[PDB]
């Protein structure tokens, strides 16, 4: 049996990425994601957070994930979208979406997502950055979230 090792030239390592965080926040290495941060002084109730995850996916993944986000939208109660954009993050194709919905009739969840697609020869990486807070926390956090997403960078050569 030939031995197929990951990473290799034809199954490359995952793209790196960087997120700036403000003084009021701190990284959370226990979250279980490749990037996470939380306020050092969290409010009562919902704990706002931001996470980042990079994964290998097939060519066309950014379009497929956008469809999945569309489809998920139809199944979030009281879905309210602020906006969606097609953009670039370091020149790499990206998608950004901001919305809120009502979860179990019990809390309002507001989320800000950026997806970035880095292309390899045979496949892609999708970087997903997701910031979440409660609906009555958006006045406290939305500008901070926007800055973190705006200054997301990707490092495809390490």
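Numbering follows the first chain given and starts at 1.
J.: As stated in the PDB record, which stretch has the larger average Cα B-factor, 11 to 19 or 131 to 139?
T.: Taking the mean C-alpha B-factor of 11 to 19 and of 131 to 139, the larger value falls to 131 to 139.
J.: Which is higher on mean Cα B factor in this entry, 46 to 54 or 101 to 109?
T.: If you average the C-alpha B-factors of 101 to 109 and of 46 to 54, the larger mean comes out for 46 to 54.
J.: From 120, 96, 40, 66, can you pick the one with the highest C-alpha B factor in the entry?
T.: The listed residue with the largest C-alpha B-factor is 40.
J.: Using only the C-alpha B-factors in the record, can you name which of 114, 33, 59, 26 has the highest?
T.: Highest CA B-factor of the listed options: 26.
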